[PDB]
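Written below as structure tokens is the structure these notes are about.
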Amino acid sequence: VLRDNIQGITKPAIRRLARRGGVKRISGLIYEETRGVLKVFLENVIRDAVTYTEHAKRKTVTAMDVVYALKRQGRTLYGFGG
Amino acid sequence: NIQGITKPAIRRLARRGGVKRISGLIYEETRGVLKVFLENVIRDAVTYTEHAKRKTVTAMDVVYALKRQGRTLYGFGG
Amino acid sequence: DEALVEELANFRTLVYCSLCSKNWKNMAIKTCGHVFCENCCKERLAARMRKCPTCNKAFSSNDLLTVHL
Amino acid sequence: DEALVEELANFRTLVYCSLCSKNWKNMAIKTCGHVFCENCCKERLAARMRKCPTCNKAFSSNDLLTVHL
Amino acid sequence: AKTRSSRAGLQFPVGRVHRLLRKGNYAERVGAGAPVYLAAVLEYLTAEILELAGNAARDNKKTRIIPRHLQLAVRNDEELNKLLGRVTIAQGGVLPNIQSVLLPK
Amino acid sequence: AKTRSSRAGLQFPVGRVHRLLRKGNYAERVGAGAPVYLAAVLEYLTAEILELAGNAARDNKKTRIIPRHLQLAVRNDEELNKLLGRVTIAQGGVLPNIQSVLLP
Amino acid sequence: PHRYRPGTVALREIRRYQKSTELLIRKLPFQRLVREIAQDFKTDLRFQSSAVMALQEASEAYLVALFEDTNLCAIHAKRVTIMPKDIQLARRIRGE
Amino acid sequence: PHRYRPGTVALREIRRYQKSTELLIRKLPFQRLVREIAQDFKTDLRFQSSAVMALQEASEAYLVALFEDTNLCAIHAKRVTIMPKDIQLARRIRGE
Amino acid sequence: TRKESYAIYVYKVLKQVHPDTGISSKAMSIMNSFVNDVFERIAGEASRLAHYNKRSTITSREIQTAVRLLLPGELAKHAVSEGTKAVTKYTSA
Amino acid sequence: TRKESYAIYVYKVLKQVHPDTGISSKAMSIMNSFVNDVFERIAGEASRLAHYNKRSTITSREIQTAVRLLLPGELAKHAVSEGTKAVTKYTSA
DNA sequence: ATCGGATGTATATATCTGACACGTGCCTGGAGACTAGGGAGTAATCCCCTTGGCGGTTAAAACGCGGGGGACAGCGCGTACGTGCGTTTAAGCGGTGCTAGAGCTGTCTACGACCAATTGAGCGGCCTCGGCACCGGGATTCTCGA
DNA sequence: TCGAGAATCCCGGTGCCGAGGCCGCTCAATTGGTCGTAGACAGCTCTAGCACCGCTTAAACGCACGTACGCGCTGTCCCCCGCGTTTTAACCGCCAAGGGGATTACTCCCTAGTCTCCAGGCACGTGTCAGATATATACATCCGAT
Ligand SMILES: [Zn+2]
Ligand SMILES: [Zn+2]
Ligand SMILES: [Zn+2]
Ligand SMILES: [Zn+2]
């Protein structure tokens with residue numbers, strides 16, 4: 001079993017994304033908000049991917065399932081065979 | 001033309017929106033926003049009605065054009 | 001068994017009507033939610049009084065409901 | 001003995017919620033007059049099961065009424 | 001003779017759904033248990049919305065449903081609102097609310 | 001035995017497009033002049049952005065096209081940016097800009 | 001005579017218009033606007049009666065929803081008055 | 001000694017990170033997070049190697065765009081420091 | 001000419017959850033246009049989902065897994081149960 | 001087994017506008033997906049556009065209208081002009 | 001505004017490795033030629049719905065005036081965040097084993113399309129009456145200047 | 001504070017048009033057979049996903065110091081809201097004319113389906129040079145003492 005893995009998104013990793021977004025100063029409470037937002041976003045995609053996998057009577061999640069799940073909610077991704 | 005969208009009508013729309021105080025430069029911008037929105041839909045409606053060799057814009061073309069833009073509309077058929 | 005007797009008495013205070021003390025609580029008003037027995041309330045109304053015995057809230061005839069258990 | 005124990009159990013069943021058996025009865029239904037606990041009531045409403053468990057006629061969210069004692 | 005809807009204990013037309021599925025360019029061939037499955041879901045959704053609409057109508061001392069009641073029923077339920085997040089209902093109106101900051105002090 | 005593409009004067013395959021249209025559940029029948037028209041549009045659309053990508057690649061003293069050049073070509077054209085609105089490109093990066101108030 | 005402090009009357013129209021359902025723009029000047037906008041795409045057109053009603057019904061909801069969103073932007077900057085620089089921010093964030 | 005004023009190093013970092021195209025998060029922690037998240041929908045699944053790569057590639061542009069909108073929200077209120085209010089307002093306006 | 005509609009079935013359903021209640025014409029039209037939209041939304045997903053797995057027949061399973069993809073929350077599970085019960089009753093002829 | 005793609009046609013087109021530049025392996029799989037996406041969008045629009053008028057065949061006019069409905073601004077004005085000429089040449093031979 | 005010291009950044013020179021570009025056989029999908037039948041183009045009509053014009057009411061729009069509340073600029077202060085250094089942790093890389101499960105092949109059977117004959121469900125027309133819009137009455141709550 | 005002015009309030013009438021029910025008549029859904037292909041199942045191959053170990057060494061982490069910025073307060077003034085008076089044109093009812101939308105025959109030609117034939121594109125193998133890495137050097141840039 002796995003637990004307490006959301007803390008792998010450390011402070012420097014979030015701050016690098018913020019810099020790539022183009023921000024100068026960062027408050028001290030942004031990190032918890034970002035972790036919550038990312039955790040909420042991941043589940044929606046993963047649930048649809050698992051549903052697609054379960055329908056085809058398989059046991060491994062392939063890249064095609066992820067591409068289809070992402071496209072299903074207007075977030076199409078180029079460059080992975082889709 | 002565009003001057004028929006009077007200031008009191010914009011005030012009523014804003015009041016239904018829920019605002020309490022309105023500046024003086026809002027009307028001239030709301031008119032420009034509305035004109036662009038109308039232009040975006042009329043073109044698709046006219047294209048739909050021209051593909052079918054018709055000459056009058058029916059109520060089905062408008063709802064089809066609205067649906068294709070992401071905003072559907074119930075209560076006018078289909 | 002003093003504790004059990006006290007528990008039973010406390011429960012009896014809850015189930016039995018406070019003022020009449022001889023009839024089960026089967027009467028309610030929506031104004032405040034205070035629950036009494038059915039027998040008491042018609043005499044209280046016939047007293048031409050509209051004051052809640054507990055929180056003095058005004059009530060009328062249409063603010064009267066039956067409850068079960 | 002058991003007679004006072006049986007009376008205490010009779011009061012025990014009536015005092016607390018018949019569904020969750022843990023909380024005070026404080027929620028009432030205007031339609032049927034039955035009383036349950038608020039904790040069960042929210043989770044029954046959120047499960048799209050708007051129907052009384054006992055008398056089985058439907059009710060809405062606004063039919064919930066808070067009561068005391 | 002005996003209709004398929006009666007056999008399945010339903011209220012929506014199974015045969016019309018079957019024909020609509022067949023003549024809609026969805027696949028080469030359709031199964032024999034798909035219309036029965038779909039007609040039940042459609043009826044369940046219809047009854048679910050229609051009950052809330054009737055409750056909203058009754059709360060307003062009326063006895064006939066109008067589009068305002070449909071809008072009120074839809075926008076007060078979280079899942080129903082999420083399902084119809086990008087749909088506008090004609091002659092619906094809005095939900096009465098006011099921000100707390102604008103309230104008088 | 002000339003192919004249909006050579007007759008039309010294109011580079012994309014007319015016959016494969018026609019087969020894809022037929023066995024795709026779009027309609028009962030497919031016209032004779034539909035695959036030609038559809039291929040002539042796809043060819044123009046793909047030839048439109050390759051030139052811009054090559055222009056963006058020549059400015060970095062490079063002679064090959066990597067996804068960054070495609071991203072730069074797409075995001076720098078107004079009409080082309082609307083087509084690929086809600087589309088993300090792998091290994092693309094972002095367009096360099098900074099808010100004016102943040103500068104000293 | 002009698003007067004009302006600035007603000008109390010504006011709080012009553014909010015309650016009044018959030019309970020009604022009719023249209024808020026006069027019909028004839030709106031129809032004369034669409035009939036002129038549609039004149040460049042193709043000339044000598046005719047409109048069904050319900051098409052204009054559908055267009056107006058679609059426009060009102062869009063305008064009301066945008067006016068609801070700009071209020072949050074106005075509040076965010078510690079203000080009560082909405083200004084043209086709020087509509088632009090709302091439209092930018094929306095994706096226009 | 002030598003010391004830069006507060007603000008120039010961040011400005012240089014902005015330029016440095018807006019020119020390269022790489023992945024800003026680690027790889028082991030992200031995969032360990034994905035597996036834990038997915039383990040509560042169906043037990044003992046398996047993940048193809050490119051599936052995790054696609055998930056991580058898709059999950060970073062979202063955060064970058066959200067921060068880009070948060071910056072505008074913060075600037076609108078005459079500030080240069082982003083706060084959770086800006087994130088909440090941006091997600092509210094976007095429709096989430 | 002003839003025009004198909006769902007008005008009669010909608011009224012028949014309404015007379016089951018509210019024995020004494022009516023409906024206006026505009027509300028009837030709105031409810032008619034709602035079913036036609038939900039039906040198309042559900043049916044369009046099953047076609048794509050059957051095309052993905054290189055099949056030619058759409059059966060009850062495609063509808064079953066499309067309902068779970070479109071409907072959110074408790075709605076999906078309630079609809080799935082209601083559909084499954086009807087299907088299992090129909091086949092016991 | 002085999003698998004079709006548009007790689008050779010994309011390379012052949014590229015060798016006409018930039019006779020010296022090459023293309024990376026990862027950048028080819030992006031164009032190969034872009035063409036598929038555009039083709040699917042246009043075909044899906046044309047199908048329902050033909051269905052609205054109670055027709056049963058897809059001709060050049062349907063996709064000519066779909067192009068005008070999809071592509072924004074000047075792009076459409078060029079794409080149409082690129083299509084029709086091809087057709088007429090195909091008719092001449 | 002001035003320059004000087006120190007730091008991070010752009011430019012020209014080896015070298016070297018793996019991915020891009022080209023050549024080969026072989027199928028399997030695309031081209032040629034022919035037939036049959038239904039989908040669509042064309043002509044005629046007829047009646048519904050769109051446009052255009054007139055006159056009267058009166059509800060809504062336009063204009064001016066007065067004043068008070070909210071927007072905006074300037075100051076002061078104290079905490080939270082950026083920068084730099086030394087120490088601690090685990091990510092990344094390589095190499096080796098083992099096996100579960102994805103992918104392909106061959107048979108065979110139940111299931112869905114297609115056709116012909118019947119008849120009851122559902123649609124278009126036609127009354128009719130009652131739910132809803134408009135009018136005053138006597139029961140409890142707004143509000144702002146003292 | 002508490003009284004005056006504008007806004008509730010439950011409840012017995014009056015009138016109208018659209019929602020609800022009934023009837024006649026098609027034509028779409030139901031029954032009953034027949035047949036051929038899709039898909040379900042058993043078997044086998046081999047590949048790639050999971051697990052372990054050992055060694056750099058890059059990056060996360062914790063601490064201290066100083067300062068730029070967020071936030072609260074005060075003052076001014078100007079512009080937006082309320083209210084009364086006058087001018088406009090929207091709305092409603094009525095009439096009249098004709099364009100084009102929708103339906104019905106009739107025919108012809110365009111596309112699906114079949115068979116035969118063979119050239120294009122896909123999997124596989126091989127060579128070599130474009131770009132990554134390392135390095136010395138010149139140059140722009142930032143901050144401080146003046
Ligand atoms: Zn009592
Ligand atoms: Zn009380
Ligand atoms: Zn309980
Ligand atoms: Zn009950």
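In the structure tokens, chains take letters A, B, ... by order of appearance, with residues numbered from 1 within each chain and ligands from 1 in the order shown.
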
Q: For segment 30-46 of chain L, work out the shell of residues within 9 Å, counting only C-alpha atoms (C1' of nucleotides) and skipping chain neighbours fewer than 5 positions away, then give it as a count of residues only.
A: 9

Q: Give as a PyMOL selection string the residues surrounding ligand 4 up to a distance of 12 Å, considering only C-alpha atoms (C1' of nucleotides) and all ligand atoms.
A: (chain C and resi 67-69) or (chain D and resi 28-36+50-59+63-64)

Written selection (N, CA and C atoms) as a PDB file, in the first residue's frame:
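Okay, out-v9.pdb is ready:
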ATOM      1  N   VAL C  67     -47.480  14.560  15.928  1.00  0.00           N
ATOM      2  CA  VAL C  67     -46.261  13.783  15.722  1.00  0.00           C
ATOM      3  C   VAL C  67     -46.508  12.376  16.246  1.00  0.00           C
ATOM      4  N   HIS C  68     -45.721  11.426  15.755  1.00  0.00           N
ATOM      5  CA  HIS C  68     -45.815  10.041  16.195  1.00  0.00           C
ATOM      6  C   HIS C  68     -44.507   9.611  16.842  1.00  0.00           C
ATOM      7  N   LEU C  69     -44.621   8.909  17.968  1.00  0.00           N
ATOM      8  CA  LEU C  69     -43.473   8.371  18.694  1.00  0.00           C
ATOM      9  C   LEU C  69     -42.487   9.469  19.082  1.00  0.00           C
TER      10      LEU C  69
ATOM     11  N   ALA D  28     -38.203  16.215  12.065  1.00  0.00           N
ATOM     12  CA  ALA D  28     -39.567  15.768  11.834  1.00  0.00           C
ATOM     13  C   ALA D  28     -39.988  16.043  10.397  1.00  0.00           C
ATOM     14  N   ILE D  29     -40.930  15.231   9.920  1.00  0.00           N
ATOM     15  CA  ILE D  29     -41.446  15.311   8.557  1.00  0.00           C
ATOM     16  C   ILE D  29     -42.876  15.829   8.616  1.00  0.00           C
ATOM     17  N   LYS D  30     -43.142  16.917   7.892  1.00  0.00           N
ATOM     18  CA  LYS D  30     -44.482  17.494   7.894  1.00  0.00           C
ATOM     19  C   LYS D  30     -45.490  16.562   7.232  1.00  0.00           C
ATOM     20  N   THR D  31     -45.045  15.772   6.255  1.00  0.00           N
ATOM     21  CA  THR D  31     -45.972  14.951   5.482  1.00  0.00           C
ATOM     22  C   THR D  31     -46.557  13.820   6.320  1.00  0.00           C
ATOM     23  N   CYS D  32     -45.707  13.072   7.025  1.00  0.00           N
ATOM     24  CA  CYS D  32     -46.149  11.889   7.750  1.00  0.00           C
ATOM     25  C   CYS D  32     -46.119  12.046   9.261  1.00  0.00           C
ATOM     26  N   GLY D  33     -45.374  13.014   9.787  1.00  0.00           N
ATOM     27  CA  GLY D  33     -45.280  13.194  11.218  1.00  0.00           C
ATOM     28  C   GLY D  33     -44.246  12.337  11.912  1.00  0.00           C
ATOM     29  N   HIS D  34     -43.561  11.456  11.189  1.00  0.00           N
ATOM     30  CA  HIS D  34     -42.499  10.666  11.790  1.00  0.00           C
ATOM     31  C   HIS D  34     -41.308  11.551  12.142  1.00  0.00           C
ATOM     32  N   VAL D  35     -40.542  11.110  13.137  1.00  0.00           N
ATOM     33  CA  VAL D  35     -39.385  11.843  13.634  1.00  0.00           C
ATOM     34  C   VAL D  35     -38.156  10.947  13.555  1.00  0.00           C
ATOM     35  N   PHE D  36     -37.094  11.472  12.945  1.00  0.00           N
ATOM     36  CA  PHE D  36     -35.800  10.804  12.870  1.00  0.00           C
ATOM     37  C   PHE D  36     -34.740  11.808  13.313  1.00  0.00           C
ATOM     38  N   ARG D  50     -35.809  10.352  -1.612  1.00  0.00           N
ATOM     39  CA  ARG D  50     -36.787  11.189  -0.917  1.00  0.00           C
ATOM     40  C   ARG D  50     -38.079  10.398  -0.741  1.00  0.00           C
ATOM     41  N   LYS D  51     -38.101   9.580   0.309  1.00  0.00           N
ATOM     42  CA  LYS D  51     -39.262   8.767   0.640  1.00  0.00           C
ATOM     43  C   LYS D  51     -39.117   8.296   2.076  1.00  0.00           C
ATOM     44  N   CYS D  52     -40.188   8.414   2.853  1.00  0.00           N
ATOM     45  CA  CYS D  52     -40.122   8.054   4.263  1.00  0.00           C
ATOM     46  C   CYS D  52     -39.841   6.561   4.408  1.00  0.00           C
ATOM     47  N   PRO D  53     -38.910   6.164   5.278  1.00  0.00           N
ATOM     48  CA  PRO D  53     -38.622   4.728   5.432  1.00  0.00           C
ATOM     49  C   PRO D  53     -39.816   3.914   5.900  1.00  0.00           C
ATOM     50  N   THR D  54     -40.696   4.502   6.711  1.00  0.00           N
ATOM     51  CA  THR D  54     -41.794   3.737   7.294  1.00  0.00           C
ATOM     52  C   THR D  54     -43.077   3.863   6.475  1.00  0.00           C
ATOM     53  N   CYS D  55     -43.585   5.083   6.318  1.00  0.00           N
ATOM     54  CA  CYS D  55     -44.877   5.312   5.680  1.00  0.00           C
ATOM     55  C   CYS D  55     -44.789   5.483   4.167  1.00  0.00           C
ATOM     56  N   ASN D  56     -43.597   5.730   3.627  1.00  0.00           N
ATOM     57  CA  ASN D  56     -43.251   5.533   2.221  1.00  0.00           C
ATOM     58  C   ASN D  56     -43.885   6.563   1.284  1.00  0.00           C
ATOM     59  N   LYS D  57     -44.500   7.625   1.797  1.00  0.00           N
ATOM     60  CA  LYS D  57     -44.872   8.717   0.904  1.00  0.00           C
ATOM     61  C   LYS D  57     -43.753   9.751   0.845  1.00  0.00           C
ATOM     62  N   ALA D  58     -43.594  10.349  -0.332  1.00  0.00           N
ATOM     63  CA  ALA D  58     -42.447  11.189  -0.631  1.00  0.00           C
ATOM     64  C   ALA D  58     -42.510  12.512   0.126  1.00  0.00           C
ATOM     65  N   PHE D  59     -41.364  13.186   0.176  1.00  0.00           N
ATOM     66  CA  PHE D  59     -41.239  14.483   0.825  1.00  0.00           C
ATOM     67  C   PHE D  59     -40.100  15.241   0.159  1.00  0.00           C
ATOM     68  N   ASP D  63     -39.551  20.057   3.752  1.00  0.00           N
ATOM     69  CA  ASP D  63     -40.473  19.440   4.699  1.00  0.00           C
ATOM     70  C   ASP D  63     -39.775  19.087   6.007  1.00  0.00           C
ATOM     71  N   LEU D  64     -38.445  19.141   6.025  1.00  0.00           N
ATOM     72  CA  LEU D  64     -37.701  18.905   7.254  1.00  0.00           C
ATOM     73  C   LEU D  64     -38.021  19.990   8.274  1.00  0.00           C
TER      74      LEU D  64
END

Superimposed copy of chain C on chain D by least squares over C-alpha atoms, as a short mmCIF file (atom, residue, chain, number, x, y, z; two decimals) with C-alpha atoms, in the first residue's frame:
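In the end it all went to result_9.cif:
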data_model
loop_
_atom_site.label_atom_id
_atom_site.label_comp_id
_atom_site.auth_asym_id
_atom_site.auth_seq_id
_atom_site.Cartn_x
_atom_site.Cartn_y
_atom_site.Cartn_z
CA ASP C 1 -34.91 -5.68 38.17
CA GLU C 2 -35.87 -7.00 34.74
CA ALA C 3 -39.00 -4.83 34.52
CA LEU C 4 -37.06 -1.59 35.08
CA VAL C 5 -34.42 -2.60 32.52
CA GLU C 6 -37.15 -3.42 29.99
CA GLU C 7 -38.81 -0.06 30.68
CA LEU C 8 -35.51 1.78 30.16
CA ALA C 9 -34.82 -0.12 26.93
CA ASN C 10 -38.32 0.58 25.59
CA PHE C 11 -37.90 4.27 26.42
CA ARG C 12 -34.50 4.24 24.70
CA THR C 13 -36.11 2.87 21.54
CA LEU C 14 -38.52 5.82 21.65
CA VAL C 15 -36.00 8.60 22.32
CA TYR C 16 -33.12 7.37 20.16
CA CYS C 17 -33.20 7.52 16.37
CA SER C 18 -34.37 4.22 14.90
CA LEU C 19 -31.95 3.84 11.98
CA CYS C 20 -28.80 5.49 13.34
CA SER C 21 -29.42 4.09 16.86
CA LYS C 22 -26.78 6.45 18.30
CA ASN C 23 -28.33 9.95 18.12
CA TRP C 24 -31.37 11.51 19.76
CA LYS C 25 -34.53 12.11 17.74
CA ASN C 26 -34.40 15.80 16.77
CA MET C 27 -35.67 15.79 13.18
CA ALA C 28 -39.13 15.65 11.62
CA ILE C 29 -41.06 15.85 8.34
CA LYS C 30 -44.55 17.30 7.97
CA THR C 31 -45.77 14.73 5.43
CA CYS C 32 -46.27 11.95 7.97
CA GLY C 33 -44.86 13.24 11.27
CA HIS C 34 -42.27 10.49 11.69
CA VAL C 35 -39.38 11.72 13.83
CA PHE C 36 -35.69 10.88 13.35
CA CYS C 37 -32.29 12.36 14.19
CA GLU C 38 -30.66 15.30 12.45
CA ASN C 39 -27.56 13.39 11.32
CA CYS C 40 -29.37 10.69 9.32
CA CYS C 41 -31.66 12.86 7.20
CA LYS C 42 -29.06 14.79 5.20
CA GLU C 43 -27.40 11.56 4.05
CA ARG C 44 -30.81 10.11 3.19
CA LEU C 45 -31.55 13.23 1.12
CA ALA C 46 -28.10 13.08 -0.51
CA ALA C 47 -29.02 9.53 -1.55
CA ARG C 48 -31.49 11.31 -3.90
CA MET C 49 -34.40 9.41 -2.35
CA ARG C 50 -37.84 10.79 -1.47
CA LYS C 51 -39.42 7.74 0.16
CA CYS C 52 -40.44 7.80 3.81
CA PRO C 53 -38.65 4.95 5.63
CA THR C 54 -41.90 4.08 7.46
CA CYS C 55 -44.95 5.06 5.38
CA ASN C 56 -43.25 5.62 1.98
CA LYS C 57 -44.77 9.11 1.67
CA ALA C 58 -43.03 11.47 -0.74
CA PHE C 59 -41.04 14.31 0.79
CA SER C 60 -38.77 17.16 -0.28
CA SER C 61 -36.20 19.51 1.25
CA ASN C 62 -38.83 22.06 2.30
CA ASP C 63 -40.57 19.33 4.35
CA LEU C 64 -37.82 19.25 7.00
CA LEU C 65 -38.13 20.67 10.52
CA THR C 66 -36.11 20.67 13.73
CA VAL C 67 -37.68 19.68 17.04
CA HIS C 68 -36.52 20.11 20.63
CA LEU C 69 -36.70 17.46 23.37
#

Q) Out of chain H, which residues get strand (DSSP E) from DSSP, as a PyMOL selection string? A) chain H and resi 46-47+81-82

Q) Skipping near chain neighbours, those fewer than 2 positions away, what residues fall within 7 Å of residue 21 of chain B using only C-alpha atoms (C1' of nucleotides), listed as a ChimeraX atom specification? A) /B:19,23 /G:80-82

Q) Could you write out as a ChimeraX atom specification the residues of chain G within 9 Å of chain L, counting only C-alpha atoms (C1' of nucleotides)? A) /G:3-7,9-10,26-28

Selection near residue 16 of chain L, 12 Å with only C-alpha atoms (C1' of nucleotides), sequence-local residues under 3 positions removed, as a CSV table (one decimal) with N, CA and C atoms (P, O5', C5', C4', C3', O3' and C1' of nucleotides), in the first residue's frame:
chain,number,residue,atom,x,y,z
K,129,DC,P,-68.9,22.4,-20.5
K,129,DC,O5',-68.3,22.4,-19.0
K,129,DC,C5',-67.2,21.6,-18.7
K,129,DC,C4',-66.0,22.3,-18.3
K,129,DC,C3',-66.2,23.4,-17.2
K,129,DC,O3',-65.2,23.3,-16.2
K,129,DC,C1',-65.0,24.3,-19.0
K,130,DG,P,-65.5,22.7,-14.8
K,130,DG,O5',-64.1,23.0,-14.0
K,130,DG,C5',-62.9,22.5,-14.5
K,130,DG,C4',-61.8,23.5,-14.5
K,130,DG,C3',-61.7,24.4,-13.2
K,130,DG,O3',-60.4,24.7,-13.0
K,130,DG,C1',-62.0,25.7,-15.1
K,131,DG,P,-59.6,24.1,-11.7
K,131,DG,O5',-58.1,24.7,-11.8
K,131,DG,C5',-57.2,24.2,-12.8
K,131,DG,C4',-56.5,25.4,-13.4
K,131,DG,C3',-55.7,26.3,-12.5
K,131,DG,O3',-54.5,26.8,-13.1
K,131,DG,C1',-57.4,27.5,-13.7
K,132,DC,P,-53.4,27.5,-12.2
K,132,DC,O5',-53.4,29.0,-12.7
K,132,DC,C5',-53.1,29.3,-14.1
K,132,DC,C4',-53.6,30.7,-14.5
K,132,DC,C3',-53.1,31.8,-13.6
K,132,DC,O3',-52.7,32.9,-14.5
K,132,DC,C1',-55.4,31.9,-13.8
K,133,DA,P,-51.6,34.0,-13.9
K,133,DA,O5',-52.3,35.4,-14.2
K,133,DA,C5',-52.5,35.8,-15.6
K,133,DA,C4',-53.4,37.0,-15.7
K,133,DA,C3',-53.2,38.2,-14.8
K,133,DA,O3',-53.4,39.4,-15.5
K,133,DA,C1',-55.4,37.3,-14.4
K,134,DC,P,-53.0,40.8,-14.8
K,134,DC,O5',-54.4,41.3,-14.1
K,134,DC,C5',-55.4,41.8,-14.9
K,134,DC,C4',-56.6,42.4,-14.1
K,134,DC,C3',-56.2,43.3,-13.0
K,134,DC,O3',-57.2,44.3,-12.9
K,134,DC,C1',-57.4,41.5,-12.1

Q: Compare I:86, I:8, I:13, I:93 by their minimum atom-to-atom distance to chain K, counting only C-alpha atoms (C1' of nucleotides), and give me the closest one.
A: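 Nearest to chain K: I:8.
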
Q | Neighbours of chain F in chain K at 9 Å, counting only C-alpha atoms (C1' of nucleotides), as a count of residues only | A | 3

Q.
To one decimal place in Å, what is the distance between atom CA of residue 58 of chain J and atom CA of residue 52 of chain I?
A. 23.7 Å

Q: Output as a PyMOL selection string the set of chain H residues within 12 Å of chain G, with distances taken over only C-alpha atoms.
A: chain H and resi 65-79+85-96

How would the residues just chosen look if you wrote them out with C-alpha atoms as an mmCIF file, in the first residue's frame?
data_model
loop_
_atom_site.group_PDB
_atom_site.id
_atom_site.type_symbol
_atom_site.label_atom_id
_atom_site.label_comp_id
_atom_site.auth_asym_id
_atom_site.auth_seq_id
_atom_site.Cartn_x
_atom_site.Cartn_y
_atom_site.Cartn_z
ATOM 1 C CA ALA H 65 -1.785 28.320 -17.570
ATOM 2 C CA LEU H 66 -3.458 28.580 -14.159
ATOM 3 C CA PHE H 67 -0.461 30.508 -12.818
ATOM 4 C CA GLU H 68 -0.548 32.741 -15.901
ATOM 5 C CA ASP H 69 -4.159 33.673 -15.118
ATOM 6 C CA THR H 70 -3.396 34.077 -11.403
ATOM 7 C CA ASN H 71 -0.739 36.655 -12.285
ATOM 8 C CA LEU H 72 -3.297 38.841 -14.074
ATOM 9 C CA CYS H 73 -5.735 38.452 -11.183
ATOM 10 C CA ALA H 74 -3.060 39.593 -8.721
ATOM 11 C CA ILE H 75 -1.951 42.539 -10.869
ATOM 12 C CA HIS H 76 -5.561 43.716 -11.236
ATOM 13 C CA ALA H 77 -5.575 44.584 -7.509
ATOM 14 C CA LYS H 78 -2.284 46.561 -7.522
ATOM 15 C CA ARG H 79 -0.059 43.813 -6.130
ATOM 16 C CA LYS H 85 -7.648 34.515 -3.401
ATOM 17 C CA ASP H 86 -6.342 34.959 -6.947
ATOM 18 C CA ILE H 87 -6.337 31.206 -7.615
ATOM 19 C CA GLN H 88 -9.875 30.864 -6.273
ATOM 20 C CA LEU H 89 -11.116 33.799 -8.364
ATOM 21 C CA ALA H 90 -9.475 32.455 -11.528
ATOM 22 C CA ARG H 91 -10.993 29.003 -11.052
ATOM 23 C CA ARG H 92 -14.374 30.584 -10.285
ATOM 24 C CA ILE H 93 -14.373 32.645 -13.484
ATOM 25 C CA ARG H 94 -13.085 29.800 -15.677
ATOM 26 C CA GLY H 95 -16.041 27.680 -14.552
ATOM 27 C CA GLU H 96 -14.548 25.088 -12.213
#

**Q.** Contact residues (chain B, partner chain K, 10 Å, only C-alpha atoms (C1' of nucleotides)) as an NGL selection string
**A.** :B and (6-8 or 56)

Atoms to include: C-alpha atoms. Write the selected residues as an mmCIF file, in the first residue's frame.
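The resulting file, selection.cif, is reproduced below:
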data_model
loop_
_atom_site.group_PDB
_atom_site.id
_atom_site.type_symbol
_atom_site.label_atom_id
_atom_site.label_comp_id
_atom_site.auth_asym_id
_atom_site.auth_seq_id
_atom_site.Cartn_x
_atom_site.Cartn_y
_atom_site.Cartn_z
ATOM 1 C CA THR B 6 -30.544 52.604 -24.584
ATOM 2 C CA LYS B 7 -28.903 53.284 -21.238
ATOM 3 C CA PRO B 8 -31.953 52.272 -19.109
ATOM 4 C CA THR B 56 -35.606 33.121 -45.295
#

Q) Taking only C-alpha atoms into account, what are the residues of chain F at most 6 Å from chain J, put as a PyMOL selection string? A) chain F and resi 7-8+12+26+28-31+33-34+37+40-41+63-67

Q: Give the residues of chain A that lie within 9 Å of chain J; count only C-alpha atoms, and format the answer as a list in words.
A: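 Putting it all together, I get residues 78, 79, 80, 81 and 82 of chain A.
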
Q: Apply DSSP to the structure's backbone, then extract all residues of chain G labelled alpha helix (DSSP H) and return them as a PyMOL selection string.
A: chain G and resi 10-17+27-37+49-76+84-94

Q: Rank A:24, A:11, A:16, A:55 by their smallest atom-to-atom distance to chain F, using only C-alpha atoms, and report the top residue only.
A: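 Of A:24, A:11, A:16, A:55, the one nearest chain F is A:24, counting only C-alpha atoms.
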